[PDB]
Protein chains: 4
Amino acid sequence: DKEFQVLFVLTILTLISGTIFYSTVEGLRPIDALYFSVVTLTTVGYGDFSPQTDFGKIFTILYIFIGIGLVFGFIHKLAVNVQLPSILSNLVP
Amino acid sequence: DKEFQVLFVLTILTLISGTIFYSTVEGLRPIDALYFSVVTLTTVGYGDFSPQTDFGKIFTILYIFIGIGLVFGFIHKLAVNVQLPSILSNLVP
Amino acid sequence: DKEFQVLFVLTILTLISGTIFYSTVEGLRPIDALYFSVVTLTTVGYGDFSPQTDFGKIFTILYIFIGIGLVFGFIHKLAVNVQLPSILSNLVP
Amino acid sequence: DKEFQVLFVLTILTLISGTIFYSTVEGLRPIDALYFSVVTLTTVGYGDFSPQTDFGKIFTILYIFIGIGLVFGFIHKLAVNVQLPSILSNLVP
Ligand SMILES: [K+]
Ligand SMILES: [K+]
Ligand SMILES: [K+]
Ligand SMILES: [K+]
Ligand SMILES: [K+]
């Protein structure tokens, strides 16, 4: 429970950093920066948005390496410690 | 066995939600909406389709976080509890 | 060892199916079809190639769900049962 | 600790190979080649860069299969043996 809260906060902070960075350096609207940060760290990578500056490319390399781990950690705990219990409870005959 | 059936249903429901959402808000043909939902949740992300509206971008963020876990859960069980047994049986000398 | 050989063969067969399908239905050159199949099943998804026909989109949905599991199974075993031993042996003082 | 250092070095070497290959065969600037190599091995795959030559497509297939395992191995150890301890220490009441 507290573990999920910590990953939640960590993920939020990571996404906030990405939103601030891409909106500033890559000139994206804040919503697009947040959306791009999520699409990046979850490894979907549509490419509708991508860094055009070298500063952006370098940050993206570091952002991915440092963010993928926590984002997927949060996703795992969300599905196993939150979603799983709910589906099971919806079964209880 | 029953576990696989539950993940199967859950995945179907998740994909149906995506199909309805993207066909309505993003104006995609139903087949393209389903295809896009799958390409998104499996993290392939070709980008041949991507949300153009803010409503679509926000939903996509939430859809990914909530759907990746179950989709990959189903994929895992499919390969370990269904595909694996079959390949092994095809070996039995 | 034999496990790695089985996953190797399974991966080859899966990629051959994709190569045949995309070169025929989507009209790609065989090399591009193989390349696209790999980029798809490893979830990279550049999007330089993507299915344009409904037949192709439907097959892609099924191909991903059935192929991701085995492809990543092979990748895991390759890194743990082949690459890992080699790096360790290159260390042995 | 030493495990993390080995994966660190291995990842560096893998990325250096990609940087050299794509800058030479695909004609990318070194920074773009490094960026593309990272985007590829972490499976993000934006597609802003992608191999245009057959030599590049073939290398990419092999690069992905051999590199994804080590890159994600490093990411895992980075998050579990480096990031995790730090966040926990930042909690210690
Ligand atoms: K991807
Ligand atoms: K991916
Ligand atoms: K992608
Ligand atoms: K494009
Ligand atoms: K893409």
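Each chain gets a letter, A, B and so on, in the order the sequences are listed, and its residues count up from 1. Just so it is clear, the values below take in all heavy atoms, side chains as well, and ignore hydrogens, waters and symmetry mates.
In the displayed structure, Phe4(B) atom CZ is contacted under 6.0 Å by more than 12 heavy atoms of other residues, nucleotides or ligands.
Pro51(C) approaches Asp48(B) most closely through the heavy-atom pair O-OD2, 4.4 Å. Here the closest heavy-atom approach between residue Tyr46(B) and residue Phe49(C) is recorded as CD2-O, 4.1 Å. Between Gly69(C) and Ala79(B), the closest heavy-atom pair is CA-CB, 4.2 Å.
Considering only heavy-atom pairs separated by less than 4.5 Å from chain B, the leading option among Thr40(C), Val44(C), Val6(C) is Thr40(C).
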Just distance, no hydrogens or angles: give the donor-acceptor pairs under 3.5 Å from side chains in residues 56-68 of chain B, sequence neighbours left out.
| residue | atom | partner | partner atom | Å |
| --- | --- | --- | --- | --- |
| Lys57(B) | NZ | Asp32(A) | OD1 | 2.7 |
| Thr60(B) | OG1 | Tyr22(B) | OH | 2.8 |
| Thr60(B) | OG1 | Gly56(B) | O | 2.6 |
| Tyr63(B) | OH | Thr14(B) | O | 2.7 |

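Within the model, atoms CD1 of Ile87(B) and CG of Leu7(C) stand 6.5 Å from one another, a figure rounded to the nearest 0.5 Å.
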